[PDB]
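Written out below as structure tokens is the structure these notes cover.
The numbers here are math on the coordinates, done by the rules we state, and not lab data. When we count neighbours, we look across all protein chains shown, and the Cβ atoms used for this are built from the backbone with ideal geometry, even at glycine.
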Amino acid sequence: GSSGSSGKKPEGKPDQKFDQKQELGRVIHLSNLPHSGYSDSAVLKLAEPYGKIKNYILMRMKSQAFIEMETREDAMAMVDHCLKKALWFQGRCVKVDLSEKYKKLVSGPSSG
């Protein structure tokens, strides 16, 4: 998932939305993540029993990760399950909220 030289995962910039009706990008944004040398799974486990992880992003830069569930429902159930119950990961009150950025974690605007 990179075409340059070495180490180029964390890169990009913001944008301005235009439309949103016939599409529903499901991307679970995980903030305040730990850093005890854990594996990516440890971050997907909170989504595994929620939905099929079609794509995931483990960003250690600013301690953040983006997990794209298989269906909007799942992802939605996660961020919600955090409202009623406190989601604890590895012993941390990690924040799980749905983000708009990216639709499936890939970056590839069609030629429409």
Which entries in the list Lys62/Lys84; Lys17/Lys85; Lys52/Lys104; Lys62/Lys95; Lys17/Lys52 go over 24 Å, if you measure between the two C-alpha atoms of each? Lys62/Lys84; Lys17/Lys85; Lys17/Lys52
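Which trypsin sites (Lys or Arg not before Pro) in segment 1-45 pass both tests, a DSSP loop state and at most 16 other beta-carbon atoms within 10 Å?
Working: sites: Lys8, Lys17, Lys21, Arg26, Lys45; in loops: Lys8, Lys17, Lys21, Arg26, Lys45.
Hits after loop and neighbour filter: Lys8, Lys17, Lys21, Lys45.
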Chymotrypsin sites (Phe, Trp or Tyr not before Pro) restricted to segment 44-112 and DSSP loop, no more than 14 other C-beta within 10 Å: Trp88
For segment 94-109, Karplus-derived ³J(HN,Hα) couplings (6.51, -1.76, 1.60; θ = phi - 60°; whole Hz; x for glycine and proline) come out as 3, 9, 10, 9, 6, 10, 7, 3, 6, 10, 9, 6, 6, 6, x, x
Convex hull volume of the chain per residue (C-alpha atoms, cubic angstrom): 127
Given a Förster distance of 25 angstrom, what is the FRET efficiency for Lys8 paired with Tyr38, based on the Cβ-Cβ distance and rounded to 0.05? 0.60
Under 5 Å from the placed amide H of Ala65, counting only residues 5+ away or on other chains, we find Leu30, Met59
